[PDB]
């Protein structure tokens, strides 16, 4: 975080090791639950980008999640760069990587955050990190198939492929994944295909289903 000293200067305040301790525990206990996001946002109140990164590599053991977070950060950074075109000539305005803390110093971070007008790089980067965590949660959650729907015009075989791919990426028990495939494949098919599929009979299986809806 940031604190004002008696000179008026805005200076760094380390995130308490007890705040870090609490963050690692939340992750150990609730990893991939949506509850992680609000906790992260509260834990990281007032964070500079460096603070955010301190928090991030404290759970660095989540190699798979970390690569996904980073790919998402890179994407938001590029979008920032897009809508804030650079301008040479001559504090510099931050690029995406400066907001992510990769190409900026702590001093520069404090400088943007407390400038006039201020550029809240801490809040921007926290939002980007939230986008990454949401992606991860969403991909891993059983809830990801409950809401899948075959498009109104979507070819049934395309839908099937998407269905199984989404299911495969979920971290869920086999019993739940089996219940989903047996129930929700036909249940979440579009209006026109559903009708066709139900009329086949309860013993109808995947290949007959795809032939029956082929063309629609």
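Numbering follows the first chain given and starts at 1.
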With residue 90 and residue 91 adjacent in the shown sequence, let me know how many deposited residues between them lack coordinates: none, 1 to 3, 4 to 9, or 10 or more.
4 to 9
Of 15-23 and 196-204, the stretch whose C-alpha atoms average the higher B-factor in the entry:
196-204
Once you work out the mean C-alpha B-factor for both 118-126 and 139-147 from the entry, which is higher?
139-147
Using the B-factors in the PDB entry, rank residue 40's C-alpha atom against the chain and give the third, lowest, middle or highest.
lowest
Splitting the chain's C-alpha B-factors into thirds, which one does residue 62 fall into?
highest
CA B-factor ranking of residue 152, expressed as a third of its chain
highest
When the modelled residues of the chain are sorted by Cα temperature factor, does residue 32 land in the lowest, middle or highest third?
highest
Assert third(CA B-factor, residue 78) within chain per record equals lowest
